[PDB]
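Take a look at this one chain, the form deposited in one PDB entry, written out in structure tokens.
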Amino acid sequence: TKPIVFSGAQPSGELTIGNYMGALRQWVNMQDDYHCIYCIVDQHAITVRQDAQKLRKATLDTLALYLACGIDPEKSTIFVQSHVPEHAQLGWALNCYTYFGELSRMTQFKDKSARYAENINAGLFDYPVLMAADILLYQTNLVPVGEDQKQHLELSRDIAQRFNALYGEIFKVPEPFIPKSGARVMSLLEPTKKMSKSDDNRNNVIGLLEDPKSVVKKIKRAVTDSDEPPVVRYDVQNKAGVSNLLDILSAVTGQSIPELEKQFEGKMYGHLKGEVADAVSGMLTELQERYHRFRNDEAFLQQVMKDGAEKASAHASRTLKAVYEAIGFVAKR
């Protein structure tokens, strides 16, 4: 049997070109090489308060977007997290093998808490433990994520090793799969802050379902630097904006940074922004064309969810049964 790939994305906010290059692009590319399982993590989404109608719509939007990206339900398992009870069941169990201190030191908890001061909830704090359960349920070998999830992923490894040390080879210890390019795509007007899928200022973001004409305008207004003369060179510390544009271009086109720097020799930020705008506009036009075809076919979305939950449940029930036997529960019959 093939090694197992697992990853997920939240049906909240609006997925960006950051989410694509950091995760979804890798998801699509791994489907033949590994046994891939992709999850719409609606139980994680509700750690930030959602409108009920928006949550339901976003779950289905996210499914259609996976399909539009090239996630193929004949090759990969695609499912909604809340459809498989074993996620919450294992999450509770792993809560008992996770330390309070490990969770309080998490960067996401701190950042989200600062942002949502009036809803610092226990789910937000416990976020990483449910994420560990998501991964460990499927005997996962590889987890394709962006740089921002590295810390959560490291806890999942710690939990698996801790549990295995007491009980035997119950879990696989998963490894991160973080790409070379596009692992941390930055905001267009604040290039020292990563691109957010729920940014208050939409001008920071390239949304995957956003009007391409609007995206082209946003790229043209992206902040660069005061260098005289302007030079197109990758340098995160001194040229955050220009570097972010190069990273985006590289990730869309497949061209390396040295190749792009050569291409832009004797050229300035007009040429750079023109190429980024054209590459991104084309990608989004094609993606959105596929998206609407999937999004408006409710019978197909319903079948994909049904088949995916069924396949996921088979894997998940097996791991949970072994966990419950190990920790000492009376088995259900």
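Throughout, we count residues from 1 along the sequence that is shown. Under this definition, the rigid core comprises the largest set of C-alpha atoms superposing within 1.5 Å between the forms.
From this point on, the text means the form deposited in another entry, which you will not see here.
- Of the residues checked (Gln161, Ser82, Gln151, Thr192), the rigid-core alignment between the shown form and the other one shows a Cα shift of at least 2 Å for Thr192 alone.
- With the core held fixed, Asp134 shows a CA shift below 2 Å between the shown form and the other one.
- After superposing the rigid core, the C-alpha of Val280 moves by 2 Å or more between the shown form and the other one.
- Comparing the forms between the shown form and the other one, the C-alpha position of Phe264 differs by 2 angstroms or more, with the core used for superposition.
- Inter-residue distance, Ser256 to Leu153 (Cα): increased by at least 3 Å in that other deposited form versus the depicted form.
- Cα of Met21 to Cα of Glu175: at least 3 Å longer in that other deposited form than in the shown structure.
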